[PDB]
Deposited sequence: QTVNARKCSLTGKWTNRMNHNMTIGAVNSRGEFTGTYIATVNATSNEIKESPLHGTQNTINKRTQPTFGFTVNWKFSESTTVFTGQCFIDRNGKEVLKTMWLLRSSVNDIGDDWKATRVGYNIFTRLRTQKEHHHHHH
């Protein structure tokens, strides 16, 4: 079984720590990145339907040093070597002033996390 609880790294400038996952799949944690290091809360859920060994999940990082918001979604895999890996994709939402600037406010990307 791949569990989200624990400490993760993207082997770059990001770590996160995710706490216990409750019976409804809910969890909280902390996202730590270099800008100098800043810490920000995250909240999310992992899928509990069919109690899969490799569940999907999502979370929102509510950045404490920015007006922006990021969401991540992905899946907790057991890789061919037996190691847990989170394969994620993210959307980063910038705060714009006018609704006419909305078009340029969303970036996308990806991250791969392994246990730390």
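Student: Go through the deposited sequence from residue 1 and tell me which stretches lack C-alpha coordinates, in order.
Tutor: Unmodelled stretches: 1 to 6, 42 to 46, 128 to 138.
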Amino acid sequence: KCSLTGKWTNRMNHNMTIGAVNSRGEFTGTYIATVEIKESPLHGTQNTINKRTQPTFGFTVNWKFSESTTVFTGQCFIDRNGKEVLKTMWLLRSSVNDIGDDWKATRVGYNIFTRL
From here on, numbers count along this sequence of modelled residues.
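Student: Per the entry, where is the mean C-alpha temperature factor higher: 2 to 10 or 106 to 114?
Tutor: Per the PDB entry, the higher value belongs to 2 to 10.
Student: Mean Cα B factor from the PDB record: higher for 81 to 89, or higher for 68 to 76?
Tutor: In the deposited entry, the stretch with the higher C-alpha B-factor mean is 81 to 89.
Student: Can you tell me which of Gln54, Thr48, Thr34, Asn62 has the maximum CA B-factor listed in the PDB entry?
Tutor: Answer for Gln54, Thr48, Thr34, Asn62: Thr34, with the highest C-alpha B-factor.
Student: By its CA B factor, does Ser95 count among the lowest, middle or highest third of the modelled residues in the chain?
Tutor: According to the entry, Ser95 has a C-alpha B-factor in the chain's middle third.
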